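Asker: Residue numbers (the entry's author numbering), protein chains in the order written: chain AI, 1 to 122; chain AD, 2 to 216; chain AN, 2 to 115; chain AZ, 2 to 49; chain AL, 3 to 122.
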Amino acid sequence: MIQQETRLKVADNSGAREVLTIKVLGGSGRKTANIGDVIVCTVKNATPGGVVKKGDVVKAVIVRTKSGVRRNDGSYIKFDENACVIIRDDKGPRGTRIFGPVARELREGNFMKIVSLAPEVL
Amino acid sequence: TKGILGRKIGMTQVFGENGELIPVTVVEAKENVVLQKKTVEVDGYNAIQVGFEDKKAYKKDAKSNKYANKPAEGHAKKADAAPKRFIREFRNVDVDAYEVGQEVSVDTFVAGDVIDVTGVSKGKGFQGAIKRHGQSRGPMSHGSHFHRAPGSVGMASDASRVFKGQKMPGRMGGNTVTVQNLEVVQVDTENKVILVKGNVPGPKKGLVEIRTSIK
Amino acid sequence: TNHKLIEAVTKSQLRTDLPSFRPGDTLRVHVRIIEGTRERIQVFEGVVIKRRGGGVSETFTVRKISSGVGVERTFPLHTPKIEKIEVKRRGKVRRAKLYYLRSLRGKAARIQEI
Amino acid sequence: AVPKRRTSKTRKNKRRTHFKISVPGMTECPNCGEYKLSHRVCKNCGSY
Amino acid sequence: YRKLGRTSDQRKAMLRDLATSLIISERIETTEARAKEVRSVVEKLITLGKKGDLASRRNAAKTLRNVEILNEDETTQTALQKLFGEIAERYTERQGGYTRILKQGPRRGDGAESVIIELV
RNA sequence: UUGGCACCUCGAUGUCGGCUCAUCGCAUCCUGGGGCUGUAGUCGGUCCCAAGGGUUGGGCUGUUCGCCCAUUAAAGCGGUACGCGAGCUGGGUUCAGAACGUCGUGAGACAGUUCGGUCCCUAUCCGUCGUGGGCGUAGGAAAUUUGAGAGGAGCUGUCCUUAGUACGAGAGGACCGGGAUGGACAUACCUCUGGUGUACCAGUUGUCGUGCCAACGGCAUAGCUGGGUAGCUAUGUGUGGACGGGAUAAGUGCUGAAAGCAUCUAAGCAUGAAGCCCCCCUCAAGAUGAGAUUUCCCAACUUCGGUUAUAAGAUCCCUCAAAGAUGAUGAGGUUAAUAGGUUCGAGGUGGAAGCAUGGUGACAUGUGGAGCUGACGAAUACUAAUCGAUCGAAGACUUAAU
Ligand SMILES: [Mg+2]
Ligand SMILES: [Mg+2]
Ligand SMILES: [Mg+2]
Ligand SMILES: [Mg+2]
Ligand SMILES: [Mg+2]
Ligand SMILES: [Mg+2]
Ligand SMILES: [Mg+2]
Ligand SMILES: [Mg+2]
Ligand SMILES: [Mg+2]
Ligand SMILES: [Mg+2]
Ligand SMILES: [Mg+2]
Numbered sequence: 001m002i003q004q005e006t007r008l009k010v011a012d013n014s015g016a017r018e019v020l021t022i023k024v025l026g027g028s029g030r031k032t033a034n035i036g037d038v039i040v041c042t043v044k045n046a047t048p049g050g051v052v053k054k055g056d057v058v059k060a061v062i063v064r065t066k067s068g069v070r071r072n073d074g075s076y077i078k079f080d081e082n083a084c085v086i087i088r089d090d091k092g093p094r095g096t097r098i099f100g101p102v103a104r105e106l107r108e109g110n111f112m113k114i115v116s117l118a119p120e121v122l
Numbered sequence: 002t003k004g005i006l007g008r009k010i011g012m013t014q015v016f017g018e019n020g021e022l023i024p025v026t027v028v029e030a031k032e033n034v035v036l037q038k039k040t041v042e043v044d045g046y047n048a049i050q051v052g053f054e055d056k057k058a059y060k061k062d063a064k065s066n067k068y069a070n071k072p073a074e075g076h077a078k079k080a081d082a083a084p085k086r087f088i089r090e091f092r093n094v095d096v097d098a099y100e101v102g103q104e105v106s107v108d109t110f111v112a113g114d115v116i117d118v119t120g121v122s123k124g125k126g127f128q129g130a131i132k133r134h135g136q137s138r139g140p141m142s143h144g145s146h147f148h149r150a151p152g153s154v155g156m157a158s159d160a161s162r163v164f165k166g167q168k169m170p171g172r173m174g175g176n177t178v179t180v181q182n183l184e185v186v187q188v189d190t191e192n193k194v195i196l197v198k199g200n201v202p203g204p205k206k207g208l209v210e211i212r213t214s215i216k
Numbered sequence: 002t003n004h005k006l007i008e009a010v011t012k013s014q015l016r017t018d019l020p021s022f023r024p025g026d027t028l029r030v031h032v033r034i035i036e037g038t039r040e041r042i043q044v045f046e047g048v049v050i051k052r053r054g055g056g057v058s059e060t061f062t063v064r065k066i067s068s069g070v071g072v073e074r075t076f077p078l079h080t081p082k083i084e085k086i087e088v089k090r091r092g093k094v095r096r097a098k099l100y101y102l103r104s105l106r107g108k109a110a111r112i113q114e115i
Numbered sequence: 002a003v004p005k006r007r008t009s010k011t012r013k014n015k016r017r018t019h020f021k022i023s024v025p026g027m028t029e030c031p032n033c034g035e036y037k038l039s040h041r042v043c044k045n046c047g048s049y
Numbered sequence: 003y004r005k006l007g008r009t010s011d012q013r014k015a016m017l018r019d020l021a022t023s024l025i026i027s028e029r030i031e032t033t034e035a036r037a038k039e040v041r042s043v044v045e046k047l048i049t050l051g052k053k054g055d056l057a058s059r060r061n062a063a064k065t066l067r068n069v070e071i072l073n074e075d076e077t078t079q080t081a082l083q084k085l086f087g088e089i090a091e092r093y094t095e096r097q098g099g100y101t102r103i104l105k106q107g108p109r110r111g112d113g114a115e116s117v118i119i120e121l122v
């Protein structure tokens, strides 16, 4: 469950350290998001340098919610923080050094570049 | 085709192909018999009626429902049968099958049939507008005294009455409702159960009506 | 007979291969992952936080820290996508639900052996 | 809040037609005494 | 279970003082709902008395109030000693029951269904 | 809309916005179908048909409005006392305080600002949302139904194939079809994930008490704290919208005169939409037209006036919950498993007390997945569902076939 005005850690070296969501894109009236959902968001704490800077409005994909996802075999997965990877409007990222574990459930959302730049996917 | 009566035992889960967990409602569709065959030449419509759970015979000083009365003896005697607690008609079936007295067993369905399950709801009692209907409640602070009331009930003096269909409070209620396009996943012939995929209306030990999908 | 039907129908899908564990125990869960290519097996080593209600819906939960980020993972105990469970290390706990480890990081989330 | 009109003597008596009271149990005590209330043990003037 | 029109502690204190006095006098006159609920209390407390070990002596004193019976010949036993000593010897063959509820008429101040609960 | 008029109301028609709940128009915002195009395609433009459904979330402003950030298939316009305060707020403003600007000699004033400033009502009737009783339905009952009718539903994106095909110089890029999935919504349910769970389990502080130790008990929000069954629950699980038929709108025609021709119309004959009627889902014979099927029951006294009893059937009463404000509904009432108790479980808590051992101790370990366990499951008549009482039909005429 990630809605408007949730602070998320940014899980790569795209230039951002914290980001808050404006809208959950998708359909009209869409309230929450989970792993694999793209959100549009403004960075609040930014690294000095990098690419993005404080006050940019970026699109970004959800990796590793704290209220994680359910799988077809009745399995679950949950994480200790909400994280996020800033993408570059072709489902490809801005950085090359994605941090932290990524949920498996975005392999099927054509985020294969985010998977290959990541640590162990679970 | 393919109607049957049962009762809700409860709810479990089953694993399938490639380990997929699927939720499951166990329905004990036991000791159903065909109890009266209805014809258009006598009634105007073709149906059978199935009696579900047999109860004890006629007793003279019977004070409750588990002993049948004399109209229910003679009705379930015109078929060679025991008197049943529940009796329902099924008119989607073919009337040219189902001789009167046939024990319609649990293996009329195969794993993978689409079905409709008819039952009553639970019944919640007298409930208010934001629970009986999905109404937005008022603000809980900022000075307000409107929380769980219904809102306005009309317009001022054009329509000097309240229109019907207003969605006011009252009994949430156990009323009949169908869930459509459920699957049969597993038919245990010896236990006389059906595992239907998902949840069906009603409380436990209720009454269901598993008949095949009209869609 | 009501009471056997929850049991006697779901009985042939419950498992027997699995070892005996409890919360506090370190496990090596050998979950198998099937993509469109093959039937690869990935190991998930963590500490059992929770074991809840019985039947074929027995459900356990292990906890791992992957890249500085703690990861909860929850399995049906009788699912056919766990090829093997090894009990790596026992644990001296005094609860049944170890939810206090979620706020403990580093060496403070340490659980003894036996 | 307030009644706009008075209720008549006719409308008042139509409302309180279900404002009644029922006769009680009234079973005999076969050992000794007068009528006891049904499914109750007697206290005075009876042997239940 | 019934709430009896009281708080979780006002009901608990009422229900173990009503179960103690049904050990002292062995038949008490209460209302009907308060006897439906002390029925399951004192029958679970005679079950502890039929055991008679020390571990359930400690459990019957969870419930019983500290009331002293003046028995015959000026001898005094407590309600804990009278539960494991007299009631426990009466029902050592019976597998349940231990009480009955005899309904009576309404009271005068209320329509409260009076009830004698006895110890059988 | 701004007004005009002064007709209703000054022995009161009480408040601008917002909130909650809507509802209705169509001069249509999206989706449906068409015409024309200065329409290659992709996009458009414009006009016509159409109300079925849908029509976002923030920032600033008391604001209506407006601007703006994001989205979206689209963020329609209006009416309903500028809908709705005996449904809610009271920021806006006509109250008393105070201050500035301005005006006035002044007291004061502005319709200029600024800070502060009490929101009454136990619902009689109508109307609505549920729910009973009475009587009727030409014998009385029990059960299953017909559906005259009424209500609900009705939205839509994205992607993949067709196909880089048609088209196009290129750039670009289709219809038609097929398939996959969503969003929003509506439902049912607690298996999972969770929430709660005040008669469940454990830890622990203070103080008082059970003579003391040890064990407990009271109070301290349930003293706090860690969990947690049943049940209720969503944010959790399931489904749903679909198709498909008729009749049509705009339109498109075929044949065809009147009017030798031509002509979609006059006679004919087609085709044609999220619309209309079904299809789907509920509810429905108080449908006074009171329907139908199956089974059960069958009286005499007797100016048959009525009474006496009763049938089938119920009910009182009593044990209850899958039901419930009440009552109704359902499970039962001894030939009984209805509830409690007991016994055995399930799940929960996490290792009882006592004892032993070790440690100077605080404490550890063993005895021992131990004890305990509210609603869950099974068994068991131990306790209580006692004896009883009340109600309940006798089948009207008329005519027609038989
Ligand atoms: Mg709201
Ligand atoms: Mg009003
Ligand atoms: Mg009267
Ligand atoms: Mg207290
Ligand atoms: Mg004039
Ligand atoms: Mg129009
Ligand atoms: Mg008014
Ligand atoms: Mg002033
Ligand atoms: Mg001056
Ligand atoms: Mg103030
Ligand atoms: Mg005290």
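All C-beta atoms in this analysis are idealised placements derived from N, C-alpha and C, irrespective of residue type, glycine included.
Below 6 Å CB to CB, which residues in the same chain sit around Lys78/AI once its five sequence neighbours on both sides are set aside?
Answerer: Numbered from 1 along the first sequence, position 78 holds the residue referred to as residue 78/AI. Result list for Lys78/AI: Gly68, in chain order.
Asker: Is it buried or exposed for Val178/AD, if we count other Cβ within 10 angstroms and need 16 for buried?
Answerer: Counting from 1 along the second sequence, the entry for residue 178/AD is found at position 177. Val178/AD is exposed by the Cβ-count criterion.
Asker: Determine the closest residue to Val105/AD out of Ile211/AD, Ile5/AD, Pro151/AD, with distance taken between C-alpha atoms.
Answerer: Counting from 1 along the second sequence, the entry for residue 105/AD is found at position 104. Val105/AD has its Cα closest to that of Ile5/AD, out of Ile211/AD, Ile5/AD, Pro151/AD.
Asker: Rounded C-beta distance between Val185/AD and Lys9/AD? I'm assuming under 8 Å.
Answerer: Position 184 of the second sequence holds residue 185/AD. Position 8 of the second sequence holds residue 9/AD. Not a contact, Cβ separation roughly 15 Å.
Asker: Is it a yes or a no for the segment 79-87 of chain AI touching the segment 166-176 of chain AD, going by three-plus beta-carbon pairs under 8 Å?
Answerer: no
Asker: So which residues of chain AI does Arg74/AN contact, with C-beta pairs closer than 8 Å?
Answerer: Along the third sequence, read from residue 1 onward, the residue named residue 74/AN stands at position 73. Going along chain AI in sequence order, the residues near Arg74/AN (Cβ under 8 Å) are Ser75, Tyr76, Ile77, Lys78, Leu122.
Asker: Assign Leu105/AN to one of two classes, buried (16 or more other C-beta atoms within 10 Å of its C-beta) or exposed (fewer than that).
Answerer: Stepping through the third sequence from its first residue, residue 105/AN is reached at position 104. Looking at its Cβ environment, which holds fewer than 16 other Cβ atoms inside 10 Å, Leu105/AN is exposed.
Asker: Let's see if you can read the secondary structure: which residues bound the beta strand (DSSP E) around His31/AN?
Answerer: Locating residue 31/AN in the third sequence gives position 30, where the first residue counts as 1. For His31/AN, the uninterrupted beta strand (DSSP E) run begins and ends at 27-33, by DSSP.
Asker: By DSSP, does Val63/AN sit in helix, in strand, or in coil?
Answerer: Start at 1 with the first residue of the third sequence, and residue 63/AN comes out as number 62. In the structure shown, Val63/AN sits in a strand (DSSP, three-state: E or B).
Asker: Which residues, in chain order, does the segment 8-36 of chain AD contribute to contact with chain AN at a C-beta distance below 7 Å?
Answerer: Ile10, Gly11, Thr13, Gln14, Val15, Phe16, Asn19, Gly20, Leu22, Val27, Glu29
Asker: With a Cβ-Cβ cutoff of 9 Å, do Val25/AD and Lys132/AD count as a contact?
Answerer: Residue 25/AD sits at position 24 when you count from the first residue of the second sequence. Residue 132/AD sits at position 131 when you count from the first residue of the second sequence. Result no, Cβ atoms of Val25/AD and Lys132/AD do not sit closer than 9 Å.
Asker: Are the CB atoms of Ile35/AI and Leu106/AI within a distance shorter than 9 Å?
Answerer: The sequence position of residue 106/AI within the first sequence is 106, counting from 1. The sequence position of residue 35/AI within the first sequence is 35, counting from 1. Between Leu106/AI and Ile35/AI, the C-beta spacing is below 9 Å.
Asker: Would you decide whether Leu25/AI is buried or exposed? Buried here means 16 or more other CB atoms lie within 10 Å of its CB.
Answerer: Taking the first residue of the first sequence as position 1, residue 25/AI is located at position 25. Counting Cβ neighbours within 10 Å, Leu25/AI comes out exposed, since fewer than 16 surround it.
Asker: From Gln79/AL to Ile86/AN, what distance separates their C-alpha atoms?
Answerer: Along the fifth sequence, read from residue 1 onward, the residue named residue 79/AL stands at position 77. Along the third sequence, read from residue 1 onward, the residue named residue 86/AN stands at position 85. C-alpha separation (whole angstroms): 60 Å.
Asker: In the segment 33-56 of chain AL, which residues sit with their C-beta less than 7 Å from some C-beta in chain AZ, listed in chain order?
Answerer: none
Asker: Any chance the segment 201-215 of chain AD sits against the segment 16-27 of chain AN, with 3 or more Cβ pairs inside 8 Å?
Answerer: With a cut-off of 8 Å on Cβ pairs, the segment 201-215 of chain AD is not in contact with the segment 16-27 of chain AN, counting fewer than three such pairs.
Asker: Would you check if there are 3 or more beta carbon pairs closer than 8 Å linking the segment 57-77 of chain AD to the segment 143-157 of chain AD?
Answerer: Cβ pair count under 8 Å is below three, so no.
Asker: With DSSP as the reference, label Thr65/AL as helix, strand or coil.
Answerer: Taking the first residue of the fifth sequence as 1, we reach residue 65/AL at position 63. In the structure shown, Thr65/AL sits in a helix (DSSP, three-state: H, G or I).
Asker: Give every residue whose Cβ lies closer than 6 Å to any heavy atom of ligand 3, listed in chain order.
Answerer: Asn14/AZ, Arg17/AZ, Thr18/AZ
Asker: Short of 7 Å Cβ to Cβ, which residues in the segment 55-76 of chain AI face chain AD?
Answerer: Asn72, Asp73, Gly74
Asker: What is the residue span of the alpha helix (DSSP H) that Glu104/AD lies within?
Answerer: Locating residue 104/AD in the second sequence gives position 103, counting from the first residue. Element bounds for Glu104/AD: n/a, residue is neither H nor E.
Asker: Identify which residue in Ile34/AN, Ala9/AN, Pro24/AN has its Cα closest to the Cα of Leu122/AI.
Answerer: What you label residue 122/AI is simply residue 122 of the first sequence in a count that begins at 1. Here the closest residue by C-alpha is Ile34/AN.
Asker: Less than 9 Å between the C-beta atoms of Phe91/AD and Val188/AD, yes or no?
Answerer: In the second sequence, the residue the question calls residue 91/AD occupies position 90. In the second sequence, the residue the question calls residue 188/AD occupies position 187. Cβ distance not < 9 Å, so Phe91/AD and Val188/AD don't count as in contact.
Asker: Let me confirm a value: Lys82/AN is counted as buried when at least 16 other C-beta atoms fall within 10 Å, else exposed. Which label applies?
Answerer: The residue you call residue 82/AN lines up with position 81 of the third sequence. Buried, by the Cβ-count rule.
Asker: May I ask you to check if the CB of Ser104/AN is nearer than 8 Å to at least one heavy atom of ligand 4?
Answerer: To locate residue 104/AN, count along the third sequence from 1; it is residue 103. Every heavy atom of ligand 4 is 8 Å or more from the Cβ of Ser104/AN, so no.
Asker: Using the beta-carbon count (16 or more within 10 Å), is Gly15/AI buried or exposed?
Answerer: Position 15 of the first sequence, counting from 1, holds the residue named residue 15/AI. Per the 10 Å Cβ criterion, buried.
Asker: Give a yes or no on whether the C-beta atoms belonging to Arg104/AI and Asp12/AI are separated by under 9 Å.
Answerer: For the purposes of this step, residue 104/AI is taken as residue 104 along the first sequence, with counting starting at 1. For the purposes of this step, residue 12/AI is taken as residue 12 along the first sequence, with counting starting at 1. Not a contact, by the Cβ cut-off of 9 Å.
Asker: Between the segment 29-41 of chain AL and the segment 3-20 of chain AL, do at least 3 Cβ pairs fall closer than 8 Å?
Answerer: yes
Asker: At the 9 Å Cβ level, is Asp189/AD part of the contact set with chain AN, yes or no?
Answerer: Start at 1 with the first residue of the second sequence, and residue 189/AD comes out as number 188. So yes, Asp189/AD belongs to the interface.
Asker: Return the CA-CA distance between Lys205/AD and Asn3/AN, expressed in angstroms with no decimal places.
Answerer: By 1-based counting over the second sequence, the position of residue 205/AD is 204. By 1-based counting over the third sequence, the position of residue 3/AN is 2. Answer to the nearest angstrom: the Cα atoms are 11 Å apart.
Asker: Is the Cβ-Cβ distance between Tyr76/AI and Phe76/AN less than 9 Å?
Answerer: Position 76 of the first sequence, counted from the start, is the residue given in the question as residue 76/AI. Position 75 of the third sequence, counted from the start, is the residue given in the question as residue 76/AN. Yes, Cβ-Cβ distance for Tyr76/AI and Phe76/AN is below 9 Å.
Asker: Please state the DSSP three-state secondary structure of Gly51/AL.
Answerer: The count along the fifth sequence starts at 1 and reaches residue 51/AL at position 49. Here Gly51/AL sits in helix by DSSP.
Asker: DSSP three-state label for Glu31/AL, please.
Answerer: For this step, residue 31/AL is matched to residue 29 along the fifth sequence. The answer is strand: DSSP assigns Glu31/AL an E or B state.
Asker: Just grab the DSSP bridge partners of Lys39/AD for me.
Answerer: Within the second sequence, numbered from 1, the residue matching residue 39/AD stands at position 38. DSSP, once it has assigned bridges, lists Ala48/AD as partnering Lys39/AD.
Asker: Does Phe86/AL come out as helix, strand or coil in the three-state DSSP assignment?
Answerer: For the purposes of this step, residue 86/AL is taken as residue 84 along the fifth sequence, with counting starting at 1. Of the three classes helix, strand and coil, the one that applies to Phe86/AL here is helix, per DSSP.
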